[PDB]
Structures are given as C-alpha cells and as structure tokens.
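Just the one chain here, laid out as structure tokens, in the form deposited in one PDB entry.
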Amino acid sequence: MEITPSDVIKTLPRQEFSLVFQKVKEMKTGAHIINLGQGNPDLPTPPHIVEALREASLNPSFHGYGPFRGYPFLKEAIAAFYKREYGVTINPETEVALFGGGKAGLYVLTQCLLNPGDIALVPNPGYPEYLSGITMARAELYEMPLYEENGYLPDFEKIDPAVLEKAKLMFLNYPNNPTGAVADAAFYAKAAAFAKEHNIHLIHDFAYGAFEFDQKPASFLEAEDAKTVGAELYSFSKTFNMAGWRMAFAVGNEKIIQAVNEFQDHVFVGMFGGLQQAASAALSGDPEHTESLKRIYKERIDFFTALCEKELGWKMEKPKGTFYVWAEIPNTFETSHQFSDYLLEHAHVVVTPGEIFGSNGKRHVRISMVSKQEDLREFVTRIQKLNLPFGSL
C-alpha cells in the first residue's frame, strides 16, 4: 500500500483548510455565511500593484528562468521600504531573502535553523504553523505562555534553564495573531538580548507590521543586537491586500540569509518576475494606501467591539494592532470548539476556536474584521436573535 511518511499526518489538522471545506460543503446554496474565521482580506489589491503586474507580464525577460535569489530591483525596493517605514538600514545583497508567502518563509527558516533534538520556543497562544516546520525538522517544542496581564508578551525569566540549554530557535509575533497585542522597540531589545545571551536564533513574524493603531509600528530590526541574532519575516498578504499573490521576504542576519539561499537554490528558482515587479510597486507606493487600510480596520474594530458590548454585553478588549478581536467566550457556552460549531450551525457565522492557537487559547475565540459594516452588524444581529445570554462578567 501507499505509505506516506508518518510526520505528515503528525502535523496540525489544517483547521483553516477544514474550515474552507465544511464552509463550501454548506452549500442553500453557498448560504450567506458571514466568515470572520480566516484572516482573509476582503478589499482588493490596490490598482497600481495590479497594473505593475499587468505591465511586467509583457516583459519576456520574466518568462524564462531568473536569478535564483530574486531580482536585485526587489531586494533594493525592500531595503528602501524598511528605511522609509522603520528607519532600518538593510543591505539588499546579503540581508534579504524572498519567499512564496510567509507560510513558506517560516517553514524554510525553520529547516535552515533547527536540528533534530533542538528545542524551539513557541508562543502559546500563537500562530499554528510554527509547529509545522518544527515538526518537519523533527525538533522539540517548548511553549512560552503569553498572558493577558503581561500584554501577551513572554516572560523570558520564567523559562526552565534546562530548556534554555537545548533551545536553538524562538518565534515571536507582534502585532500578534491571535491576541491583537503589540510590542514596541523596548521589548524587541529585551528579546534580542535574551536571544543573544542564550545563543538562540530569533525569528520575528511581522505579518501585521503595518497594523498598529496606537503608534507607528516598530520593527524588530530597530533593536540593538537584532541583526546579530535573527531575522524578521515580512508578508505582502495583509499590508497590501495580496494574500492570494503568495509573496513575502525576510530581512536580517547575513548568515541566516545565506542558509536560506542555500536551501532555496534547490527548491526554487526565485519567483515570477511579474510578481516581483508588482511587489516592488507595492513597496515603493505611497504610504497613504496602507494608512487608509489601517483606518479601515481601526474603524471596523471600533464599530464591532462597541456593538458587541452594547447589544450583547460581550466585552472585548480593543486590539492595539492586527485586524483580530480576541474575545473571551460567555459562560453559557462550553469549549471554544463547541462554541464555534454552535455559532456556525445556528447563526451562520464563522469565528476561529481559540484552542487552535494552543491550550492558552481555551475559552477564547478569534474574530477577524474582514467584512464591511453591514456584514459585521449582521453578525451581531444574528447572535442577538439566538436569545442566549452573551453578557460577560
């Protein structure tokens, strides 16, 4: 019989993937399911990015194989974006690697950085895909608990010094999926120093790096020692409404980037030059596009949380970043998975059960602000019609 290696089905059950499947399966017809589960941007890519792709696709240079490591124009664009947005200086020739989206970036970084038997420090709650690369690398996982009281920042002192002896890699994610928590330059310097002291490679997942509402967002690479110990993964998916386009990059330590390049040389031949040109247009575009998108999300969050609170008494802290609301489940309901099933079956809305993000996600759900006002009001309206007590304590 066909016998796949054991590790594949030893990865998390692709819950967003089981989510798209059950949803499509719910189709009188594709019933008006208000899907606030997956963080799938609802607004179109800015027309100037689309036009850069349309124009690029006519250039026959991009039809054949290109540079393995991506086009120098994109790497220079990424340098310029980082200087503009965060005042960081990046050497585009040695400190930049291209990826087919952030998911792909996390996987590759992990394979280049972790050996069997090493420990990887992973935040709980946190993005489930951190476990995927760790699993594929046959490495061990240690959870750093993220608690609300600490603004969902890790307490590095609370980690077993034995765990620390075997730790080779740590993941951090701010602005945070799923909690909406933000971090400033201060925490990044603290994190980088901890990483330096214990000789741990630091991967900062900056997928929502455009979306902090209560200050201009800080990059991990603004910290002292940041470029010595790690790398920052940046996705186009959220910043530019480009989730479909599958593009991302990492900036950081030239030695990490060299490992990435050596890996990717065997798996990829860069990526479609048309996509790279579109990426370049995104990065060089006027910051007003991204600022507008941040206002859209900030107003949807303001609207949703105020409406949930007024009408349902369902209290939610306003996130300071990302487009996610991290809501405690009312006491009327049982576990996160049972609550999420219930909402989908009875109202016809999708939220993501918090347990997906780790055991500290118990009794929470993640709600993504990826719909306009009417859809968000209707979500609350459909809940209100359930006639269950939703009030918080």
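Each residue number is its position in the shown sequence, starting from 1. Take the two forms, find the largest set of C-alpha atoms that superpose within 1.5 Å, and that set is the rigid core.
Unmodelled residues of the deposited sequence between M27 and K28: 1 to 3. Averaged over their C-alpha atoms, the temperature factors of 134 to 142 and 94 to 102 are higher for 134 to 142. Higher mean CA temperature factor, per the PDB entry, when comparing 334 to 342 with 357 to 365: 334 to 342. Note on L53, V325, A347, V351: the highest value goes to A347, judged by CA B factor as recorded.
Take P128, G321, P161, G274 and read off each C-alpha B-factor from the entry; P161 has the highest. In the PDB entry, a CA B factor belonging to the lowest third of its chain's modelled residues is recorded for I49. Per the deposited record, the Cα B-factor of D184 falls in the highest third when ranked against the other modelled residues of its chain.
In the PDB entry, a CA B factor belonging to the highest third of its chain's modelled residues is recorded for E317. Among all modelled residues in its chain, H32 ranks in the highest third by Cα B-factor. Looking at the C-alpha B-factors along this chain, the one for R295 belongs to the middle third.
The protein also exists as the form deposited in another entry; that form is not presented, and the subsequent description refers to it.
Only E334, out of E328, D42, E51, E334, shows a C-alpha shift of 2 Å or more between the shown form and the other one on alignment of the rigid core.
Here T11 counts as shifted, since its C-alpha moves by at least 2 Å between the shown form and the other one after the core is aligned. Compared with the form shown here, the C-alpha atoms of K10 and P123 sit at least 3 Å farther apart in that other deposited form. Wider separation of the C-alpha atoms of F379 and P13, by 3 angstroms or more, is seen in that other deposited form than in the present form.
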